[PDB]
Amino acid sequence: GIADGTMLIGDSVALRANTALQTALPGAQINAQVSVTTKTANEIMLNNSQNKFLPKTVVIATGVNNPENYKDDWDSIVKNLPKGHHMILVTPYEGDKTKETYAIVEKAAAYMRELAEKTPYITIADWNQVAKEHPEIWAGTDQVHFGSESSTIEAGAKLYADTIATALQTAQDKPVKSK
Ligand code: NA
């Protein structure tokens, strides 16, 4: 089967948390890039699988950028998860409730929760919920990229990383996709 291991395919928010992620998950493969969307994460996931580089646990840390197509994008990436893997979906957070995309990001997070609740080989990492509980990391920010100063960047990054680490713990006794 697929070798154990974790690969995170992530967006600009994941990239901001890169140091905290690597500290919380030593030995995880963190592939986060500014421009990544759910659409391109799906492509990256399959390219890695096809080159035999994708380990068992796949963390998709996307959703806030280009959120309009969330239903099709999240349905597709779940459908395209290869056999042999467990998937962690990191919900997105747009904090500005007046942004024209806010309702879309909120619907995307809710839809991802539905996919995780119903699919035995998926676990949620509910950053959307965590972010809402910590207004202090959003003071002075663009409401997406946590922390406006050194201390709150570190604090927000730790919260982000710990959300994913906890999801990985929850996933430990769960099945992979199999036929
Ligand atoms: Na599940």
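We're numbering straight along the sequence, starting at 1. Just the heavy atoms: all of them, side chains too, but no hydrogens, waters or symmetry mates, feed the values below. Order of listing sets the numbers, starting from 1, for every ligand and every atom in it.
The nearest N, O or S atom of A116 is closer to the Na ion (ligand 1) than 3.0 Å. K174 lies apart from the Na ion (ligand 1) in this respect, since none of its N, O or S atoms is found at a distance under 3.0 Å. Using a cut-off of 3.0 Å, one finds that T119 contributes an N/O/S atom close to the Na ion (ligand 1).
Partner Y93 forms a ring pair (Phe, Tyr, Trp, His ring centres under 6.0 Å) with one of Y102, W138, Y160, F146 and no other, that one being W138.
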Start with the C-alpha gap between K158 and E154, add the side-chain angles, then the distance that decides, and say whether side chain to side chain contact (heavy atoms under 4.5 Å, CB included) holds.
CA-CA 6 Å; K158 182 179 175 51; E154 293 294 349; over 6 Å; no
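A salt bridge links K132 to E106: one of the charged nitrogens lies within less than 4.0 Å of a carboxylate oxygen.
Heavy atoms only, all atoms of each residue included: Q29 and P55 are closest at NE2-CG, 4.3 Å.
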